[PDB]
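What follows is one chain in structure tokens, specifically the form deposited in one PDB entry.
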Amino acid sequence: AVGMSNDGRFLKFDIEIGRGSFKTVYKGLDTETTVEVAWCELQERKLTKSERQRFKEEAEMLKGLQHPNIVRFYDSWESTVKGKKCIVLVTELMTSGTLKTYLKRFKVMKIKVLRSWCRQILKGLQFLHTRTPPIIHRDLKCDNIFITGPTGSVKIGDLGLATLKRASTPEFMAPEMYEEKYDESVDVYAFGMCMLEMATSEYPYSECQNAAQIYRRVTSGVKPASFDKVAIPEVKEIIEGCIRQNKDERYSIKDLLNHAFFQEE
């Protein structure tokens, strides 16, 4: 009832599911399955053809991803209502909110939950990293890790959005990223900051008053003050391994998965 795939696969409805960054999520339907989906539009966007092709190629690889800890990506394309331009992404419908919304709601997390969810995130990342070629997310944060609800597992999401960003408050990022340098280890750094935020229910570097201060500290290897508040020894140890200044000296994902913390539960 308003939009439809060029084939006829997915339909769009007028129900809003919420907002991200002027990116509005409509409710949708996959007729081929009778499964409800997320119908995503980025309100007003466009760019160049090499960049366009780059998105198109990478996007096509997303459609072939199937993993329990990754949000399923269905399809994408550009459109112009009147009027307004946008990119449309169709993804698995996640209704049960994010880590970010969870933390904002409760402001505390049990250790058993943190262990299980952090393992799931690592398994997601390792799946992406060991595609051919590797997929680096490069924009991991609490507000694009989604909770399922059935089984209350987590999935990494906004793969389409991340691809767009890669094709070309915003934030702190690993030190190398300030020099637009990255490999797999940028996702490890982001993991570490996600785990810190889960363990403390604080946004890292909240003591800093401007980006510049954060830049200075991050590139210096000066840790956020919230690091000092972590109460669980093994969690603190894991976070420290992940947010080391030199990307080459950080824990690998294999290192992390093999940590005793995750052998506990």
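Just count from 1 along the sequence shown to find any residue number.
Going from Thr80 to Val81, you skip over nothing: the modelled chain follows the deposited sequence without a break. A summary of the deposited B-factors shows that, of 192 to 200 and 40 to 48, the stretch with the larger mean C-alpha value is 40 to 48. Judged by mean Cα B factor in the deposited record, 93 to 101 ranks above the other of 182 to 190 and 93 to 101. Of the candidates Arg216, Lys229, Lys27, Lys223, the PDB record gives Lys27 the highest C-alpha temperature factor. Comparing C-alpha B-factors across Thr169, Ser116, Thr132, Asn144 in the deposited entry, the largest value falls on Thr169. Looking at the C-alpha B-factors along this chain, the one for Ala211 belongs to the highest third.
Split the chain's modelled residues into thirds by C-alpha temperature factor. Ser21 is in the highest one. Split the chain's modelled residues into thirds by C-alpha temperature factor. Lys123 is in the lowest one. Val108: CA B factor in the middle third of modelled residues in this chain (values from the PDB entry). Placement of the Cα temperature factor of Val35 within the chain: highest third of the modelled residues, per the deposited record.
Although it is not shown, the form deposited with a small molecule bound is what the next lines describe.
Though the small molecule is absent from this view, in the deposited complex it lies within 4.5 Å of a heavy atom of just one residue from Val218, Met198, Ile239, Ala38, which is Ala38.
Comment: the small molecule is not present in this chain, but in the deposited complex one of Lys165, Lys107, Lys110, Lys181 has a heavy atom within 4.5 Å of it, namely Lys165. Looking at the small molecule in the deposited complex, residues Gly18, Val25 and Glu92 each place a heavy atom within 4.5 Å of it. Screening 118 to 126, 182 to 190, 78 to 86, 92 to 100 for residues having heavy atoms within 4.5 Å of the small molecule in the deposited complex returns a single hit, 92 to 100. Contact check for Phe146: a heavy atom falls within 4.5 Å of the small molecule in the deposited complex.
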